[PDB]
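Student: First the structure, which I've put down as structure tokens, then a few questions once you've had a look.
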Amino acid sequence: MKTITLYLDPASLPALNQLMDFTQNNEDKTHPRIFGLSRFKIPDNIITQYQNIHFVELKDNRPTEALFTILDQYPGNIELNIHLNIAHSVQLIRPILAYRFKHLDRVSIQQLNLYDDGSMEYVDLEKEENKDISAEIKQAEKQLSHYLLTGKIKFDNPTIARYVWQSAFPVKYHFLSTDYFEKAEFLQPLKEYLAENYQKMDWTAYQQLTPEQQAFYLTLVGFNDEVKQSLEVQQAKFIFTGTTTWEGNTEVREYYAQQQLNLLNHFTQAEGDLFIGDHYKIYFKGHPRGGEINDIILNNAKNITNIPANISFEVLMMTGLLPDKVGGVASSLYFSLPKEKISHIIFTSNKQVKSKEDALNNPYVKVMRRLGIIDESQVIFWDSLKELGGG
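Counting from 25, one number per residue, gives the positions in the sequence shown under the entry's author numbering.
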């Protein structure tokens, strides 16, 4: 009997957790492993160190049929150890369930480990607030066994179905926010249901491996030493989160570059409304699709250190390199940050947000406010901040 470990995720957070799982087990050079991590390319010089390592593409949050080609290489008795994105768990496991049903005597499912995509799960559960959660769980289970038996996916509550895997297999869930499940009242049937099967996502796994495995992990995540060392200086650190353009009544891109510099100045300058203090080392996390706007900010801000697109907040949290403060333009990414680290989040104008009021009704914002992670005074609409000088 062979165990085969499958690592599947179209997003980022589950993949980061699963690359950590691989890193921890990396002394084992031959354990059969199948990677379907859409955002991460494992280096050739890492791959050639392993035997029985496979790669599968995901198309619409589901591995392609090349997955069966891989499994066929393993005749005889197999048990599958599967790691999944929670939000997409139904689509992701699909081909796995289909393969199992053609080999019921040979192939079983050993364990599922599921991790949060991010804020999405929480924003989705909020939509389920006026339902009888207890009866929703019971139906989801019946519809899950029907999916296992026939392959027919039809869930009355796709969101709740993400949390019923235990009706069928051993499962361990890893949550960004266990407080949400323990404090959201409509969710109590679910909390008591998940019983011994959930845990708070751990961010300290990195601190416990060998220095070689740490290096290995930094490599898996594409974290160059240059940026890492800069994030290690012994000084207060602040990250400004950048953006592109917004509804500012102009196609003049320069205007958006100048205004973001003014928003940064509100954190950076003693005269600014959001002043963080004179002793903070400043960093910049520009929008990936920032281009030349990232260029102006970088060239017109004083000693600001740029952080490249691949080093996400999730990457910093996994390696313990998250700065002391994070502030700037709003992104759902702020959902993952510990409370003590969030300073101010500023929302620019678009179709969904035309004011602070609208900003407070943003989905991920509403759940952070419910959780006590940010106060409404930390939420700011962009044009409420004055223009600061130059000197």
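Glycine included, each C-beta is placed from N, C-alpha and C at the ideal position.
1) If you count every other CB in all the chains shown that lies within 10 Å of the CB of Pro362, and 16 or more means buried, which is it?
2) Is the CB-CB distance between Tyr74 and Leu95 below 8 Å?
3) I'd like the span of the alpha helix (DSSP H) that includes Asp45, first residue to last.
4) Taking a contact to mean a Cβ-Cβ separation below 8 Å, would you say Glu152 touches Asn181 in this structure?
5) Please classify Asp297: does DSSP put it in a helix, a strand, or coil?
6) Are the beta-carbon atoms belonging to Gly351 and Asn318 less than 8 Å from one another?
7) Determine the extent of the alpha helix (DSSP H) in which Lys207 is found, giving its start and end residues.
8) Residues in its own chain within less than 6 Å of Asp33 by CB, not counting five upstream and five downstream?
9) Return the Cβ separation of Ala164 and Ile184 in integer angstroms, given the expectation that the two are a contact with Cβ distance under 8 Å.
10) When the cut-off is 8 Å and only beta carbons count, does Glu206 lie next to chain D?
11) Quick check on the DSSP output: the alpha helix (DSSP H) that includes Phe59 runs from which residue to which?
12) Starting from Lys261 and walking both ways along the alpha helix (DSSP H), at which residues does that stretch end?
13) Applying the criterion that 16 or more other CB atoms from any shown protein chain within 10 Å of the CB defines a buried residue, is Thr47 buried or exposed?
14) I need the DSSP call for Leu361, collapsed to helix, strand or coil.
15) Measure the C-alpha to C-alpha separation of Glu220 and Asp226 and round it to an integer number of angstroms.
16) Under three-state DSSP, which class holds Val131?
17) Which two residues bound the contiguous alpha helix (DSSP H) that contains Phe291?
18) Are at least three pairs of beta-carbons, each pair with one atom in the stretch 138-145 and one in the stretch 49-68, less than 8 Å apart?
19) When you compare the CB positions of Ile133 and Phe193, do they come within less than 8 Å of one another, or not?
20) Which runs of the beta strand (DSSP E) at least 3 residues long sit entirely within the stretch 179-246? Give them in chain order.
21) Which residue marks the beginning of the alpha helix (DSSP H) containing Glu250, and which one marks its end?
22) Report the three-state DSSP secondary structure of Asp407 (helix, strand or coil).
23) With distances taken from CA atoms, which of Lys349, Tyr171, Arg393, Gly413 is nearest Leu285?
24) Kindly indicate which residue of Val353, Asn50, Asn273 has the alpha-carbon position closest to the one of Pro235.
25) Give the secondary structure of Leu138 by DSSP, where H, G and I count as helix, E and B as strand, and everything else as coil.
26) Please determine, among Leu357, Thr372, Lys326, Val257, the residue with the shortest C-alpha to C-alpha distance to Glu271.
27) What does the Cβ neighbour count give for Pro87, buried or exposed, with the cut at 16 atoms within 10 Å?
28) Cβ of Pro56 within 8 Å of Cβ of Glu89?
29) Over what stretch of residues does the beta strand (DSSP E) that includes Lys390 continue unbroken?
30) Using only the alpha-carbon positions, how far apart do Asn154 and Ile77 sit?
31) Leaving out the 5 sequence neighbours to the left and right, which residues in its chain are closer than 7 Å to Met342 when beta-carbon positions are compared?
32) For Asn85, write down the residues that DSSP places opposite it in a beta bridge.
33) Compute the distance between the beta-carbons of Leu218 and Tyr187, then report whether it is under 8 Å.
34) Do you know offhand how far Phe264's Cα is from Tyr171's?
35) Between which two residues does the beta strand (DSSP E) holding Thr29 run?
36) For a minimum of 4 consecutive residues, which ranges assigned as the alpha helix (DSSP H) are wholly contained in the stretch 304-374?
Tutor: Let's see:
1) exposed
2) no
3) 37-48
4) yes
5) coil
6) no
7) 202-207
8) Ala39, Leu61, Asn109
9) 5 Å
10) Considering every chain present, this structure includes no chain D. It has just one protein chain.
11) That residue, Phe59, is in no alpha helix (DSSP H); its beta strand (DSSP E) goes 57-61.
12) Segment 261-265 is the beta strand (DSSP E) holding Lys261; no alpha helix (DSSP H) there.
13) buried
14) coil
15) 16 Å
16) strand
17) 277-292
18) no
19) yes
20) 195-199, 222-224
21) 249-254
22) helix
23) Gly413
24) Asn50
25) strand
26) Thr372
27) buried
28) no
29) Unbroken run through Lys390 is the alpha helix (DSSP H), 387-395; no beta strand (DSSP E).
30) 46 Å
31) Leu40, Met44, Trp227, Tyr230
32) According to DSSP, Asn85 bridges with nothing at all.
33) yes
34) 46 Å
35) 26-33
36) 316-324, 337-342
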